[PDB]
Amino acid sequence: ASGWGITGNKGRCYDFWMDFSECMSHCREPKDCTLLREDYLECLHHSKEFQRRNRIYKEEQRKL
Amino acid sequence: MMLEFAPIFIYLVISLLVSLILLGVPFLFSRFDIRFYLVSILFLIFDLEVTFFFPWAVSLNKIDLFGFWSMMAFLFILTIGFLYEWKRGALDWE
Amino acid sequence: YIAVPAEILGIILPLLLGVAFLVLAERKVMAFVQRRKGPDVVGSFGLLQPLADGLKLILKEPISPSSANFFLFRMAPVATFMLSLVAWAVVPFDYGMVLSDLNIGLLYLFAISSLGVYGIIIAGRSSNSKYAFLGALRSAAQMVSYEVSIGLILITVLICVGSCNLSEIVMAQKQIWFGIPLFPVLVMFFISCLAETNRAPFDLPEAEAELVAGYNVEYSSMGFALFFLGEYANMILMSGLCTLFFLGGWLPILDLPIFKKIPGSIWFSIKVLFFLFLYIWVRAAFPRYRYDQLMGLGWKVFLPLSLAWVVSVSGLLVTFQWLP
Amino acid sequence: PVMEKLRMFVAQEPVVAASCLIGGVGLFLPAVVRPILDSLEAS
Amino acid sequence: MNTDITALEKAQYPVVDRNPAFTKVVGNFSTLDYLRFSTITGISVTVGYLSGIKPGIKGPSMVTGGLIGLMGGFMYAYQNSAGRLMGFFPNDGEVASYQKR
Amino acid sequence: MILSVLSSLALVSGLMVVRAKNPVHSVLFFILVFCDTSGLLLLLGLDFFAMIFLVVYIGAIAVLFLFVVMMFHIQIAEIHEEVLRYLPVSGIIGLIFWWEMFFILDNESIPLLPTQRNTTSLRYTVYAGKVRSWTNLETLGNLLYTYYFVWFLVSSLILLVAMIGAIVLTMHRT
Amino acid sequence: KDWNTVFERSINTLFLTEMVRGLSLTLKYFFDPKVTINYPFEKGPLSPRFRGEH
Amino acid sequence: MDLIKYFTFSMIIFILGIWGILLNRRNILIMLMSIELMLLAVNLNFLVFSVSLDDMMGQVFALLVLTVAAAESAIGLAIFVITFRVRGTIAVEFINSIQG
Amino acid sequence: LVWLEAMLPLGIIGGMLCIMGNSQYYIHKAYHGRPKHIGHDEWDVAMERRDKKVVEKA
Amino acid sequence: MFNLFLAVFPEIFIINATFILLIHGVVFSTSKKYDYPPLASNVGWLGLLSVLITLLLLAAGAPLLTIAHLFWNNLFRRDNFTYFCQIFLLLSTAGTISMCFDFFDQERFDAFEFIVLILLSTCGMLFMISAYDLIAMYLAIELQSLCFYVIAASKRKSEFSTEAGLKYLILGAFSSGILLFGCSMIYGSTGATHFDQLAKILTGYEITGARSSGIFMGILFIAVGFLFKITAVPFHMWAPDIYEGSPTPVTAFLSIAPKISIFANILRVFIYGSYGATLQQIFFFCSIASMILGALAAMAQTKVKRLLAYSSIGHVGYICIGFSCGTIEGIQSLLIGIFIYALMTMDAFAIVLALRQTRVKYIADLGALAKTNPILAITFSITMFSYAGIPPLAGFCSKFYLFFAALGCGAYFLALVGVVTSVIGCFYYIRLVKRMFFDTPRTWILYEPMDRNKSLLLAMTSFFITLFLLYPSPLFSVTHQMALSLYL
């Protein structure tokens with residue numbers, strides 16, 4: 001969220017954080033910014049990407 | 001890149017082997033002095049000062065005047081402390 | 001990586017030979033100063049004296065006194081010897097002649113120096129002798145006291161260079177050697193190295209006649225030898241550091257084709273030899289301070305002056321925008 | 001009469017006086033000379 | 001260093017200068033500013049003297065108290081002058097020397 | 001695997017810190033935990049922090065502990081206690097903490113299972129950020145003294161408090 | 001006492017000048033011949049009065 | 001699985017600190033050392049998280065925490081020294097006078 | 001000229017240092033084909049790995 | 001560039017003044033010429049002056065503290081709430097220092113560094129109030145704690161003072177590590193430490209099934225640290241021992257100043273934040289436990305300081321009830337309770353410090369005080385009845401809001417606990433009145449009269465306690481103002 005990257009460039013997830021912040025800056029219902037918020041968290045932790053790839057791995061293991 | 005640290009690890013392993021060979025070949029044929037605590041305290045403070053100088057020294061080219069004066073204020077606080085040490089006799093071992 | 005141990009041994013073994021012959025060189029130079037000869041019977045010109053002494057120590061029975069800390073008693077010389085050895089992995093002798101081109105090499109060297117104190121303190125407590133313990137405490141306190149001034153001088157060089165890479169520190173001195181504009185800093189560094197190595201005039205462990213027992217009084221055979229080899233390897237390393245930071249490392253004295261003919265390793269070796277000669281010449285020239293006197297010098301003279309030089313150099317460089 | 005107190009201080013504590021002068025130069029250059037050079041460059 | 005004087009709460013009085021320099025703020029000191037400064041310096045010197053009699057250092061204690069008072073009094077006067085020039089405080093005098101000059 | 005080795009060394013060394021009969025030995029095993037931590041930091045690519053843990057934790061703090069604990073000459077009787085009776089309470093507390101706290105990232109950070117396929121060719125490489133590389137030292141020094149300098153100065157205030165307290169509590173001038 | 005004589009001792013202290021002579025005189029005997037006897041090929045002098053083995 | 005392993009390293013260090021508190025009723029020096037272990041575990045978490053999120057805020061706090069740890073160790077050992085000096089021993093039976 | 005006796009161990013130390021440099025210099029150059037580069041950064045590493053493909057796959 | 005630092009003029013001034021006082025004290029305390037004079041009272045008067053000048057600088061430049069807010073945003077945040085909290089903190093520090101001069105002179109506590117450490121801890125609490133990030137919050141908390149650890153062991157030759165210092169250090173370091181762990185967990189889960197960024201990320205979801213366990217445990221551990229700081233049960237046992245063992249001025253300073261600073265921190269970290277009622281349940285259960293344990297343990301006490309310590313624990317429970325209910329009136333009543341408890345505690349500790357010249361230690365030592373000093377016995381009784389909550393005294397507001405929030409938030413167990421604890425508290429408070437007025441001991445203790453500072457402060461606090469409810473509007477309005485500045 002700070003934008004300072006550990007190698008001297010813009011942080012990896014900073015643009016997602018900003019877009020989330022601009023959204024929340026004028027949407028009175030926080031549910032209006034859900035998609036951008038989960039995009040920022042997905043950039044942080046890669047949870048859904050890894051879950052889907054683990055699904056692919058599971059199906060491959062099942063069919064082997 | 002951390003690639004240059006692997007030779008250091010192998011170097012440590014080899015140095016340990018040499019030390020063990022050298023040290024193993026011959027096997028074949030109630031008083032507290034507060035001033036040591038105090039010198040440890042001063043060493044700890046100035047060790048942290050050297051620590052905060054390394055990023056500053058390599059970064060002087062980009063922080064310009066602001067970073068210089070922020071470091072100067074840091075030193076000023078720590079030097080007030082050092083003067084307090086001096087005046088209280090912490091630097092005298094007599 | 002299969003060739004790395006070959007390079008490592010090509011560093012370590014000649015270093016051990018160099019230490020063995022530095023002890024001989026110190027005995028020969030002190031003797032010549034004193035109108036005597038020094039080792040000259042064991043081998044031609046005493047050249048086999050180090051081999052005989054090392055072989056004698058190898059064959060000498062190890063005592064390992066009836067202490068309750070037998071593992072720590074034996075590990076203490078191994079710790080200090082390994083630490084003395086490992087500092088040479090980042091030392092460059094010429095352009096490209098260095099085992100590990102660490103980008104954080106300066107801070108790595110500071111870390112090694114900070115670690116050196118543990119062998120001495122552990123030897124004192126594990127030796128079950130009040131005299132060895134009080135000597136080890138004094139030696140450890142002196143070493144940490146002069147580490148502060150060493151670190152502040154390192155920061156001064158860092159401000160001039162703007163990089164912790166030792167090779168870059170050398171190559172920053174192509175225009176001028178740092179020992180010319182920072183001559184007082186070089187003098188302070190050489191004295192801080194003397195005190196950090198427990199060397200004359202700061203050799204408390206040698207002050208046995210002063211009722212001051214050394215930390216290694218209970219050591220025999222190769223534990224004592226390891227302590228001695230560590231200290232002399234550290235002397236060589238301190239000479240190398242004085243050379244790298246202030247005398248241009250492998251650079252020639254003048255940037256002319258006549259000087260550029262001889263290899264930079266020879267330049268580096270010559271400068272290291274000059275500082276190793278100073279270590280002995282000073283040992284032969286002066287008496288030694290008391291512990292309280294050298295502690296006062298460390299905290300009241302060398303620290304304030306090192307801090308002042310950091311401030312002055314940084315302020316002048318940022319003022320005229322001469323920073324790297 | 002604070003003109004020989006400085007003299008006695010320099011005589012008795014030369015290292016401290018030298019340190020103060022060296023650091024004082026290091027502080028005086030950016031506080032005084034650097035703004036002078038900045039102002040000169042702009043004009 | 002990127003700087004931004006923008007305050008959270010907007011000024012309620014005409015802004016004569018949004019970021020006045022040090023010398024300009026000092027030159028803007030009024031007689032009330034010099035009165036506040038002198039009162040704080042005098043009170044501090046008095047407290048230093050009275051608190052220093054028992055230890056026997058009334059002179060040096062006066063000096064220390066006076067230094068604290070000089071610092072605090074200048075700070076208070078600079079605060080008032082700069083706040084007047086930035087429009088945070090009632091500044092009818094500063095507006096007079098702005099409309100006129 | 002290397003993380004397993006370092007984790008095991010740190011686990012055993014820490015057990016030795018908290019279970020050694022002799023406190024001096026506890027301080028020396030603490031130095032081993034700090035060396036292991038430094039190795040972990042080197043694996044993270046943070047060389048400045050790896051070296052600073054040696055300089056400060058081992059070079060300064062552990063030396064302070066060693067100096068103090070050695071001059072105390074603590075006899076084993078004053079600090080000894082049989083710890084067999086603490087197996088159940090430590091078992092309960094450690095098991096609760098283990099289950100709740102060693103898996104706190106699993107739901108948020110689901111691990112990527114290593115497939116039997118070369119997923120290392122899917123590494124996209126951007127050369128723009130590699131033209132001029134910053135060390136961890138320069139990245140930290142870009143921020144400490146300008147954009148977050150107030151915290152820097154407050155840390156200095158903390159150190160000054162340490163110096164004053166050390167003097168006022170222990171000093172006996174001769 | 002005087003700014004010159006104060007400056008004189010301050011520089012002499014800072015620049016370790018008296019330790020320069022100590023180094024200089026320690027180096028003069030370095031290049032000089034040694035007085036060591038090459039025993040047992042060479043012997044020390046004795047007199048006809050020397051009291052030795054009966 | 002890198003992040004979870006780094007985190008469990010920090011976790012075991014923190015847990016060992018908690019255990020050192022639990023297991024050393026009669027050894028307050030090791031109680032202090034266990035607290036230092038807990039502080040190292042938190043410092044590592046900040047570094048690991050800073051690497052994981054590609055964000056420098058973790059490292060700034062890591063340096064400042066190291067400063068806090070140093071100061072707290074210094075003052076703690078001072079209080080230890082004065083307690084020992086007053087009592088002549090470190091046994092916990094002599095630091096329990098205040099109660100109720 | 002007796003003082004040349006002392007310049008022998010000093011010369012030996014200097015030679016040991018020259019060996020410490022040159023021996024590790026030549027072993028590295030022989031194994032890698034070129035002398036060691038000081039300042040090998042992320043860019044130099046990326047180049048070497050890409051060059052390996054660019055060479056071997058041609 | 002210079003004008004940006006108008007936002008930190010008070011802190012700059014107080015830090016520089018503390019440096020000046022340090023140098024003055026060290027230079028003249030070591031002087032042979034002046035026979036090494038004690039300087040605790042000289043430095044104390046100069047530091048009281050410095051605190052008052054800082055208060056003037058802060059109070060007068062109310063709008064200027066918000067200047068350059070974008071530039072200073074990542075370091076701190078100054079607003080109305082922090083403005084009034086800091087003014088209150090400075091006033092508390094000034095009163096505490098004013099109550100120390102008789103202790104310096106008659107005990108002969110000659111250490112001027114005591115004043116310097118109090119000033120540095122005041123700087124730390126100032127920074128705590130304006131903290132708007134976990135890093136800044138932790139650093140300011142730690143500066144404060146280190147100063148407290150040092151001053152609690154200031155009587156370095158005393159068994160009690162050294163013991164209090166040791167227990168304080170160990171338990172405080174433990175709790176600080178727990179809190180730092182919480183901060184690390186929050187940072188790892190959200191990638192943020194600034195309070196605004198945390199407010200945005202957490203709002204709108206609380207526990208929506210897919211709950212970040214990292215954020216939950218970060219909140220939990222940070223709350224444990226805060227509850228330790230406010231002496232809340234079960235993280236409370238350090239407080240009675242430390243309060244008793246520290247020198248009495250140290251106890252007086254610890255019983256007031258650090259509560260204001262940490263309640264400011266609690267209100268800005270959580271109320272300004274967003275999570276489930278879980279944290280409110282945490283503070284609710286801690287409030288109930290604190291009232292019960294404080295009441296019973298205070299009933300068991302025979303010594304004055306321990307009784308005051310347990311009374312403070314009970315009252316923080318009463319105060320935290322206002323945080324739990326999560327309304328604007330809850331925050332208002334919390335602020336009102338903190339203010340009134342601070343004034344009452346300063347009154348009580350002025351009386352205790354006055355009696356410590358004769359070494360008052362037990363409640364029984366107050367026997368026949370209504371005879372040997374009638375006006376003093378009445379003043380202490382007014383304070384004790386205010387503590388018990390009897391109207392029309394100022395202490396009745398806390399009781400009134402405790403019961404008001406309970407019958408509104410719908411709680412009846414809380415009302416029962418409040419009734420029982422109020423009655424128990426009344427008993428052990430009126431026991432002190434009975435000792436001073438009803439008992440006829442064989443042996444009396446005649447107390448030295450207090451100095452002018454403590455008498456003036458006592459007279460003013462006694463007038464406030466007896467008469468606040470006649471004209472209470474400014475406190476009500478200013479607390480309502482602060483409660484709203486937190487959100488809007």
# chains A, B, ... in the order shown; residues from 1 in each chain; ligands from 1
call {"tool": "interface_residues", "arguments": {"of": "chain J", "to": "chain E", "cutoff": "10 Å", "atoms": "only C-alpha atoms", "output": "PyMOL selection string"}}
result
chain J and resi 1-7+9-10+12-14+16-18+20-21+23-25+28-29+34-50+53-54+56-58+60-72+78-79
call {"tool": "residues_around", "arguments": {"residues": "residue H:47", "least_positions_apart": "5", "cutoff": "12 Å", "atoms": "only C-alpha atoms", "output": "number ranges by chain"}}
result
A: 6; F: 37-38, 40-50, 136; H: 3, 6-7, 10, 40-42, 52-63, 65-66; J: 184-185, 187-188
call {"tool": "residues_around", "arguments": {"residues": "residue A:3", "least_positions_apart": "2", "cutoff": "10 Å", "atoms": "only C-alpha atoms", "output": "tab-separated table (two decimals) with N, CA and C atoms, in the first residue's frame"}}
result
chain	number	residue	atom	x	y	z
A	1	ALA	N	0.81	-1.21	0.00
A	1	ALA	CA	0.00	0.00	0.00
A	1	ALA	C	0.85	1.27	0.00
A	5	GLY	N	8.91	-0.15	-3.38
A	5	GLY	CA	9.31	-1.52	-3.63
A	5	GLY	C	10.66	-1.84	-3.03
A	6	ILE	N	10.87	-3.14	-2.76
A	6	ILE	CA	12.10	-3.57	-2.12
A	6	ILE	C	13.30	-3.57	-3.06
A	8	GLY	N	13.66	-0.67	-5.27
A	8	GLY	CA	13.77	0.69	-5.75
A	8	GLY	C	12.82	1.08	-6.86
A	9	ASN	N	11.75	0.32	-7.08
A	9	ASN	CA	10.72	0.66	-8.04
A	9	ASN	C	9.36	0.63	-7.36
A	10	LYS	N	8.32	0.96	-8.11
A	10	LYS	CA	6.97	0.92	-7.57
A	10	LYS	C	6.63	-0.49	-7.11
A	11	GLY	N	5.99	-0.59	-5.95
A	11	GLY	CA	5.61	-1.88	-5.41
A	11	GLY	C	4.69	-2.66	-6.33
A	12	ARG	N	4.71	-3.99	-6.20
A	12	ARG	CA	3.98	-4.85	-7.13
A	12	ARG	C	2.48	-4.59	-7.06
A	13	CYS	N	1.94	-4.42	-5.85
A	13	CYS	CA	0.51	-4.33	-5.63
A	13	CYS	C	0.03	-2.90	-5.41
A	14	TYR	N	0.85	-1.91	-5.74
A	14	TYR	CA	0.50	-0.53	-5.41
A	14	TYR	C	-0.63	0.00	-6.28
A	15	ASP	N	-0.64	-0.35	-7.57
A	15	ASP	CA	-1.70	0.14	-8.45
A	15	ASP	C	-3.05	-0.42	-8.04
A	17	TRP	N	-3.87	-1.27	-5.01
A	17	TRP	CA	-4.21	-0.56	-3.79
A	17	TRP	C	-4.76	0.81	-4.10
A	18	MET	N	-4.11	1.52	-5.01
A	18	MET	CA	-4.60	2.84	-5.33
A	18	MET	C	-6.01	2.73	-5.88
H	54	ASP	N	6.40	-7.23	-1.37
H	54	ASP	CA	7.14	-6.27	-2.18
H	54	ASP	C	6.91	-4.85	-1.67
H	55	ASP	N	7.19	-4.64	-0.38
H	55	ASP	CA	6.93	-3.38	0.28
H	55	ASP	C	8.01	-3.11	1.31
H	56	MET	N	8.51	-1.87	1.33
H	56	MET	CA	9.66	-1.52	2.17
H	56	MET	C	9.29	-1.15	3.60
H	57	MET	N	8.00	-1.02	3.92
H	57	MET	CA	7.63	-0.59	5.27
H	57	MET	C	8.05	-1.62	6.31
call {"tool": "interface_residues", "arguments": {"of": "chain B", "to": "chain D", "cutoff": "10 Å", "atoms": "only C-alpha atoms", "output": "ChimeraX atom specification"}}
result
/B:65,68-69,72
call {"tool": "write_last_selection", "arguments": {"atoms": "N, CA and C atoms", "output": "short mmCIF file (atom, residue, chain, number, x, y, z; two decimals), in the first residue's frame"}}
result
data_model
loop_
_atom_site.label_atom_id
_atom_site.label_comp_id
_atom_site.auth_asym_id
_atom_site.auth_seq_id
_atom_site.Cartn_x
_atom_site.Cartn_y
_atom_site.Cartn_z
N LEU B 65 20.32 17.58 1.21
CA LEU B 65 20.47 18.35 2.44
C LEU B 65 19.57 17.83 3.56
N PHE B 68 21.04 14.76 5.28
CA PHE B 68 22.22 15.19 6.02
C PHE B 68 21.84 15.79 7.37
N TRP B 69 20.85 16.68 7.38
CA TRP B 69 20.48 17.35 8.62
C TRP B 69 19.68 16.44 9.55
N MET B 72 22.29 14.62 11.20
CA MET B 72 22.94 15.53 12.14
C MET B 72 22.15 15.64 13.44
#
